[PDB]
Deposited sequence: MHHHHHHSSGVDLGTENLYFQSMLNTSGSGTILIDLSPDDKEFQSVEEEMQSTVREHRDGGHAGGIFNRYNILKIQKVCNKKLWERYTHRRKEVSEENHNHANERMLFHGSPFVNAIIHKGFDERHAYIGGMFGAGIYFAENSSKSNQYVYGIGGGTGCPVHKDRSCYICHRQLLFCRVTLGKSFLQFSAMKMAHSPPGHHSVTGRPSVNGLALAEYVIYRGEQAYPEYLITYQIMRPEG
């Protein structure tokens, strides 16, 4: 593995930006915290820059080729990613071959602009079985990990499917409607930050 993790100081403006974006993008969900638990804040334990030359080259190469297909704009966004595979993604990069064959928008890799949305997928689809220790989707004890990723959306197809529709590079969903984003190529996302956190008990 060529992956290096740069621990960021909490007083670092880079840490604070990722910290603020995580806290500020929390929303009240329609499922009442069934999937991701009950909280309005996080305990931010650690934020690490993910450095991997091979993975960066894979991303920038795809970003250029999506750019030339989409009027010389990549449509690059910073989005959150939750999945039980974070530990794999930071070493191997995103891999569409492991996508959930049955999903709202087919076998793609899902991102959110709301940290609390990505939180719902950390322990599986709809929080799966919860934390491995307590089997609790609302565990305040167990440490969770999100990625904050550079994602190339390109020309995004709006939907309310194996690959992007023709002429398109991604899908934007809006099923309290919140925006999800799907790609069908792992090279269209770079996992830039690894965020280790807990959900905070309110009171």
According to the record, which stretches of the deposited sequence lack C-alpha coordinates? 1-28, 189-192, 208-211, 240
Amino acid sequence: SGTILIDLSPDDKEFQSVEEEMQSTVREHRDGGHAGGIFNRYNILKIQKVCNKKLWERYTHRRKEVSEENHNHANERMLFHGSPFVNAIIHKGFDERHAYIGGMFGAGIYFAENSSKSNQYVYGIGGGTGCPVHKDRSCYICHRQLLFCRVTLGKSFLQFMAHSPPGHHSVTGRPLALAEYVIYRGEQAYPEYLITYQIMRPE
From here on, numbers count along this sequence of modelled residues.
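Think of the rigid core as the biggest set of C-alphas that the two forms share within 1.5 Å after superposition.
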Output the stretch, either 18-26 or 176-184, that has more C-alpha displacement from this form in 9 other deposited structures of this protein following superposition by the rigid core. 176-184
Greater root mean square CA deviation, 85-93 compared with 101-109 in 9 other deposited structures of this protein, core aligned: 101-109
Selected stretch [higher average CA B-factor]: 59-67 or 25-33: 25-33
Averaging CA B factors per stretch from the PDB record, which one is higher: 131-139 or 150-158? 131-139
I'd like to know which of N75, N87, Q120, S115 has the highest C-alpha temperature factor in the PDB entry. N87
Please say which third, lowest, middle or highest, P166 falls into when its CA temperature factor is compared across its chain. middle
Could you place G82 in the lowest, middle or highest third of its chain by Cα temperature factor, using the values in the record? lowest
Chain-wide C-alpha B factor ranking for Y110, given as lowest, middle or highest third: middle
Looking at the C-alpha B-factor of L176, is it in the lowest, middle or highest third of its chain? highest
